[PDB]
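This report refers to the structure that appears directly beneath it.
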Amino acid sequence: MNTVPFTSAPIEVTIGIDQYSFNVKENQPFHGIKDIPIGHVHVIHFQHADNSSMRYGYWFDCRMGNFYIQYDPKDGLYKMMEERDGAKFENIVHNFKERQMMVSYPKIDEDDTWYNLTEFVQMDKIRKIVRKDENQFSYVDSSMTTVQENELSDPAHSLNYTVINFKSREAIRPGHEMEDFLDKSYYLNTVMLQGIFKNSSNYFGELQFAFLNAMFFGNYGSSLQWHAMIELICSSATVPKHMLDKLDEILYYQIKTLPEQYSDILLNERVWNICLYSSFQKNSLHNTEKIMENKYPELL
Amino acid sequence: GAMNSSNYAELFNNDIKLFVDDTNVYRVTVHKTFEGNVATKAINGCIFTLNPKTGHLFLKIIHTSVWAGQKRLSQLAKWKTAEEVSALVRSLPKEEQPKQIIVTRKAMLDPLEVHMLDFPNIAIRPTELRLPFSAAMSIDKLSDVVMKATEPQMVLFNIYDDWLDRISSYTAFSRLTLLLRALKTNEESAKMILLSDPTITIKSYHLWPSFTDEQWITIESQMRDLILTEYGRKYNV
């Protein structure tokens, strides 16, 4: 069970750790988060009390290094940093734990929510979508645009999601225009799965990461990416049986976790109606269709 | 974006453009079967691809053989239209290729855009105009070449005959849309107006009669009257 210590909390802020969140007061003696489950990626996220604009945060995996948060009064944000001195770090964490200045990652034993949302998400894949190679952790915020959004402007600060475009030479074989447009199986299976992602696990990992950036940061380009990756599967007549069963579980936990009050901005009516009621896979997502119909019948 | 009353003069500028109308591509007669069920029988169709500035009409005849053993024909008809328009553009020299293609029906946008991915600089546009190009098959010579076709065929016409010798493209297009609107609203009456005087004939190389400027004014008046009457009837006003 790993720890992310905080040097201090000089500004009032709502702190998120995965699906949990805590309010910290200006200069409250708060020194970090302990008992973080090993085996998963995690996200530690922030919304300042004085500017509820710019949700921002850090994807990390405690297996890759010793990470801490320190407020920078120049750039005006909580920054993740790596402590390279193992003995200094262990000594800092032990002191803060002894003084009980840390919140405990509040996981219920029964509760597989975080596993279910991050099953295919790998830190090494996150670091290719979010390029800052000198750090082992990845910064994301509300405003970062995607490579695809930028084609339609600072490349260093972009989300390099895999570009998906249903009306592109990549998506449409010369001579199979109608076939490839109405049945996206060759785009899904040959171009994306065999060609780019190599396997369904990497495809699901990007889909799950896109959803979590949409949910936690209100990142609009991430939301677009999540819906495009759903739509590419649902619009394919030929999908491996294990991928459909897994997609139904992935989407179920995403819809289950989504705050009820954000369904209006986080869910695209057209995509969900098409996917659940018109698409090739309209009858393949039983769990997802049932939670959507009981939680968001207005959208449909 | 969409072509409307506000940007109408754009049709007659020096940027090559084509209208595409897919209304007459998939044509059927509906009939009873021996068992008393209903069936369709396809008849020959056509794509109506028109340069509104020059009057050049690319009439691609759609022979019933293209539907043989195919399903969802009204969907396939849109894609076959976009395939044939794409093939026509690729067949034209670069300097003759259109800069825009305006589709008369919004359901043609996705099929044409996907077929034209190789031509990213050709704009595919819808229109808010309600153009009467469906009535092309009320022009006797166009109907005759479609119905007689025994295989896929492209036939080239000038839908304005020689009018551009005497009038602007704007005026020629207005005359064509009025004639086709009349033919669409009351074909029998429109055709009576156009042929009633046997001394005015259709040249072998033309579609419409050889009216003088003064006779065209009388004809155009008769077509306007036909359209308003019919409108009063349709709506009891």
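Cβ atoms come from the backbone with ideal geometry, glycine included; neighbour counts cover every protein chain shown. Numbers and lists here come from the model and the stated rules, or from a named source; no laboratory read-out is quoted.
Here are the numbers:
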read-out	value
Hits in region B:1-16 - residues which are within 18 Å of residue B:96 (Cα to Cα) and either part of a loop (DSSP other than H, G, I, E, B) or among the small types (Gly, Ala, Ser) (or both)	B:13, B:14, B:15, B:16
Subset of region A:137-189 that is surrounded by fewer than 20 Cβ atoms within 10 Å (Cβ to Cβ), of a type in the set (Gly, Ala, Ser) and within 14 Å of chain B (Cβ to nearest Cβ) - its residue that is nearest to residue A:247 (Cα to Cα)	A:168
Residue among A:219, A:213, A:202 that alone is in contact with a helix residue (DSSP H, G or I) (Cβ under 9 Å, 6 or more places away or on another chain), surrounded by fewer than 22 Cβ atoms within 10 Å (Cβ to Cβ) and polar (S, T, N, Q)	A:202
Pairs with Cβ under 6 Å, 6+ apart, first in region A:177-199 and of a type in the set (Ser, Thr, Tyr), second surrounded by fewer than 17 Cβ atoms within 10 Å (Cβ to Cβ)	A:185/A:237; A:185/A:238
Residue within region A:120-134 that is more than 14 Å from chain B (Cβ to nearest Cβ), on the phi > 0 side of the Ramachandran plot and among the charged types (D, E, K, R) present	no
Index of the failed condition, residue A:100 passing every other in (1) at negative phi; (2) over 24 Å from the mean Cα position of the chain (by Cα)	(1)
Tally, over region B:126-156, of residues that are in contact with a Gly (Cβ under 9 Å, 6 or more places away or on another chain) and either farther than 27 Å from residue B:5 by Cα or surrounded by fewer than 17 Cβ atoms within 10 Å (Cβ to Cβ) (or both)	1
Pick from region B:114-124, criterion surrounded by fewer than 17 Cβ atoms within 10 Å (Cβ to Cβ) and either in contact with a strand residue (DSSP E or B) (Cβ under 7 Å, 6 or more places away or on another chain) or charged (D, E, K, R) (or both), ranking: farthest from the other protein chains (Cβ to nearest Cβ)	B:123
So residue B:147, is it more than 14 Å from chain A (Cβ to nearest Cβ) and of a type in the set (A, V, I, L, M)	yes
Subset of region B:61-112 [surrounded by fewer than 20 Cβ atoms within 10 Å (Cβ to Cβ), within 14 Å of another protein chain (Cβ to nearest Cβ) and among the polar types (S, T, N, Q)]	B:70, B:74, B:75
Index of the failed condition, residue B:35 passing every other in (1) more than 20 Å from residue B:156 (Cβ to Cβ); (2) in a helix (DSSP H, G or I); (3) of a type outside the set (A, V, I, L, M)	(2)
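To keep it simple, each residue is scored yes or no on (1) charged (D, E, K, R); (2) over 20 Å from residue B:216 (Cβ atoms); (3) outside the structural domain of residue B:101 (by CATH); (4) touching a helix residue (DSSP H, G or I) at 6+ places or on another chain (Cβ under 9 Å).
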residue	(1), (2), (3), (4)
B:115	no, yes, no, yes
B:121	no, yes, no, no
B:141	yes, no, no, no
B:151	yes, yes, no, yes
